[PDB]
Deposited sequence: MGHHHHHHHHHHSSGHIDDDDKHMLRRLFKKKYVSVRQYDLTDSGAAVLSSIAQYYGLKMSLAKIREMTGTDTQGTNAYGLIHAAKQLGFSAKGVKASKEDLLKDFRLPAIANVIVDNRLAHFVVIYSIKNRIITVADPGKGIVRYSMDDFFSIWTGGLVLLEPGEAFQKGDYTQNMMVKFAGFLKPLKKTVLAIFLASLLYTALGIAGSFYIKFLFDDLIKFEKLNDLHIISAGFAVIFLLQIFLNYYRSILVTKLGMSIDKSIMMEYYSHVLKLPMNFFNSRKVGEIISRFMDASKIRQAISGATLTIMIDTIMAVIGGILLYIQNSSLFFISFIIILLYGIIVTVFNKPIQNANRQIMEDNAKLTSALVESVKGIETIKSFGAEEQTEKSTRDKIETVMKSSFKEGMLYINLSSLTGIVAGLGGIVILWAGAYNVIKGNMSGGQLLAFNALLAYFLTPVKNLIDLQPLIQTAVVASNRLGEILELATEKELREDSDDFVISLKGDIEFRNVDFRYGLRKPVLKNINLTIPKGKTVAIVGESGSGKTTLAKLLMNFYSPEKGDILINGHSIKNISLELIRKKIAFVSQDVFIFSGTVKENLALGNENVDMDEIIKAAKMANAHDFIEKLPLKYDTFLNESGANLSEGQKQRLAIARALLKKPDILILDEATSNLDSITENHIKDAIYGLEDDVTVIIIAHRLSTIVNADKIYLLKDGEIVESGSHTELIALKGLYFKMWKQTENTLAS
C-alpha cells in the first residue's frame, strides 16, 4: 500500500499526526483536530498513554512495548509508532513501515517523509514502540468532508462581482489582442506604402483602444480587491465566532499564538477561492484564444512557443519541491536563533554575574552562521531556477526570431506578421505561466483550509449538553459531591475520589495544601469541566442537566490571576451587563471597598485601563455586581444570608472558623474539620 504521511498543522501534535497516518494507512480518515482531542494533546505534548487510549477508541489494539537495539530487526507489526529525539531537543513521534535492511523512510510529521537509514536511527531511537493492530471495532470510512468545497460558499452571496470581473477580463483580453496588431499594420501598409494620413488615424485608434483597456483593468482591480476583502472578513469572523463558542478543553490545550495563527490562514483560503478561480477561468480562455491566433499567424512559431512554455513549466515543476524544503529549514534556524537571542537578553543578569559574555557571543555567532548557510542554500536554488528560466526564455525568443526570419525569406509569412506574433506572444505565454504558477498557491491554501476548518467541525459547548430545564429558580440549596474524579486531559489524575456536602452556610474549606488543586474543583463546580465517574449535586438534580446561561450567571470566582480587559473601568467592572447603570456600578464598588481606588484615577469611572497599574479588588466588585448565589473566593460584604462563600486560601490560618472546613491534600477529603 501507499506510505501515507500526515504532516503536522501545529508544533505539538506529533502523536495525533502519527495516529492519523496509521488510520489512513489502514483505511480510516478523520479530522486531525478530533484525533488530537481524543489523544488529549496538551500544550506540552502528548504521552504514549494518550495514543494507547485513542487507538483503542478507534478499534486498534494498541500496546506499549519496550524494545532494545537488536529488537529493531524483528518480525513484529510492520507499521508502528517509534519515539525519536531530534538534535538536542525533546522527543518526537515517527512511523516505521517496513524496515527492509534499512530503517525505512519514516513518516516524520515535522518534515515530509525522510529516509533515516539504519546507521543513525537507532542512535536517536529509544525503546518506545506502539504495536497497533486493526480489531473488531475498526470500521473503514471517510469521516472528513472536502473542506475546500465547504469554502467558496462565500462567493454565492456576492456572485455578481465574479461575473462582472469575468466580463471585464474578457473585454480587457479582447482589447489587448486587438491592440497587439499595431505593428502588423505599421510594417506592412503604413510604412511599405508611405500612408502618412492613415498613420495618424490608426495610431489614434490604437491609443483609444489602449486607454479603454487601462480603464477596464482599473475597474477589474477595484472589484477583485473588494471581493478579496469581503471573503477575508467573512472567513475571519466565522472562525473567530466558532472559536469563541468552543468549550474550555479546546482553549486550555492550545497556546494563544497557536489559536490566533489560524487568522493568517484566512488569507490563503481567500487566495485559493478568489484569485485561483478567477485566474483559471479567465486565463484558460485567454490561452485558448492566444494559441488559436498564434497558429493562425504561423504553425511553426506556435509550436516553438509551445515547446518554450512546456520547458518553463517542466523547470518550475521540478524546482518546486527543493524551494519548499529550503524555505522550511530557514524558518527553523531563524526560530532557533531568535529563541537563543531572547533567552540571552532576558537572562542578562546571570550572564553578567558569571562573566559569560564571550560564550554567549560565540553561540549566537554559530546560530547566525547556520542561518546564513541555510539562506545561501535557498538563494542558490533560486539562482539556479532563475538562470534556467532565463536561458530557456532567451533561447526561445532568439529561435522564434530566427525561424520567423527564415519563413519571411521563404515567403511563407509576412514581415510585419513576425512582430505581430511577437506581440501576441504575451497573450499565450503569460496565461499558461500564471496557470502553472498556481501549484504553490493551491497547495498552501489547501493546507491552510484544512488547518482553519478542522476547528469549525468541533462541537461547541452548547450542543454537548444533555437535557435541561425542570429547574428554573436560581440554585441556592445544599451542594453535594458524589465521588467525582477529574483527569484534566489525559495526564495523571489529580482529583481522586472526593465526597463532600456544603449545606448553605458561609464558610467552607480554606486550604488543602500549597498546590493540591483547590481551584480545579472550583472550576469543575462552575461547570467549566465535566467530571468523570461521578456527579455534582447542588440539589438541582444533576447540575449537568441545567442550562449554562444560569450556571455561569449565578456563580462567581475571584483568584490571584485576575484578567482585566483593555477599556474603561465602567465597562470592565460590568462586563456583559446591558442592563446596569452607573449607580449600580458605584454601589457595587462601595460594597467592594474599591470606590476610593476608582476615584483615585484622573478620569475616575471613565479612565481607560492599560491592563496594568488594586486590580484584585476589581474582580471582587465585578463578582458582587453579578449578584450570585454562590460566590467563590480564592486568596485575596454586601451578601445575603443564604449565599455560599468558598474562601479558598493557601495558608493554614483559619481566619474566621465560621463553619466546616475541608481539605483534600492528595486523595479523598478524609477530614471532617467541622
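Visitor: How would you list, in order, the spans of the deposited sequence that the model does not cover?
Guide: Since the structure holds only modelled residues, the stretches it omits are 1 to 30, 644 to 649, 673 to 688, 727 to 750.
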